[PDB]
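Residue numbers (PDB author numbering), protein chains in the order written: chain A, 89 to 232; chain B, 92 to 182, 186 to 232.
Note that the Cβ used here is the ideal one computed from N, Cα and C, for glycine as well.
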Ligand SMILES: [Ca+2]
């Protein structure tokens, strides 16, 4: 069965998801990738994996030479399993210097909770069975 | 308590944040550890990052400490023990340290500060924490 938890709890999990999915740090890839995968429904997993597959795979392209830091600015909920997360990302080089402008992004998210996973390791990191059922991140175009 | 599955989630995140060391994530680990800690526990934690032997001063970004949690027992009544290892790394330059964290915890409700509420929605609070070497005898 699916469960609701209210806005304080949703914001917690939505924030953790965006922070894990949009971050890039060679030293925490395992954790970020694993967490993102565990918190994502099957179709969403496959979309996320594409970022780390093939010849433009993020981990192969950036390797240990750069980071992408994420700042979450705001989180809106519609109370029916839908949310918007406004965030920025900033790429840094191997010396911690900024390369490129801040990117203003908006994540449009569908989510639910499905109950605690059966696997121990999974249950330890996702006790409520939070699941992102849709996710896309798009540039916020600042008009004017 | 919110029951076994929720308590273990929070105990595990607490140990992972407190016992980890990575220059690049100090702000997040330290803020998180502090915010999940009752006042007396915070002061105990802060000691690790103060004085001539402060962890961040001594390790800087020359070394990291990686933490693996092996088990968590809940001894009802707001007590728990977490069996874990730590190990110092280069960019495994040291022996594994087998430790046991003895823990008291509770929940005090959503914090008022928004940045705090975002990271500790139930107001999980560690009320006592000691990490001690597990002496493997025999
Ligand atoms: Ca690092």
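Three CB pairs or more closer than 8 Å across the region 94 to 110 of chain A and the region 127 to 139 of chain A: yes
My assumption, with CB atoms under 8 Å, is that residue 176 of chain B sits in contact with residue 161 of chain B. Please give the rounded CB distance. 7 Å
Closer than 7 Å: residue 113 of chain B CB and nearest ligand 1 heavy atom: yes
Beta-carbon spacing of residue 172 of chain B, residue 198 of chain B below 8 Å: no
What beta strand (DSSP E) runs, 3 residues minimum, are completely inside the region 160 to 199 of chain A? 170 to 180
Presumed contact (8 Å Cβ cut-off) between residue 163 of chain A and residue 102 of chain A, rounded CB distance: 6 Å
Here's the rule I'm using: 16 or more other beta-carbon atoms within 10 Å means buried, otherwise exposed. How should residue 187 of chain A be labelled? exposed
Could you please give the first and the last residue of the uninterrupted beta strand (DSSP E) stretch that includes residue 98 of chain A? Not the beta strand (DSSP E): residue 98 of chain A falls in the alpha helix (DSSP H), residues 95 to 110.
Is DSSP giving residue 92 of chain B helix, strand or coil here? coil
Could you tell me whether the Cβ atoms of residue 201 of chain A and residue 90 of chain A are closer together than 8 Å? yes
Does the separation of the CB atoms of residue 135 of chain B and residue 174 of chain B fall below 8 Å? no
Sort A:105, A:196, A:113 by Cα distance to residue 123 of chain A and report the nearest one. A:105
For a quick check, are the C-beta atoms of residue 231 of chain B and residue 192 of chain B less than 8 Å apart? no
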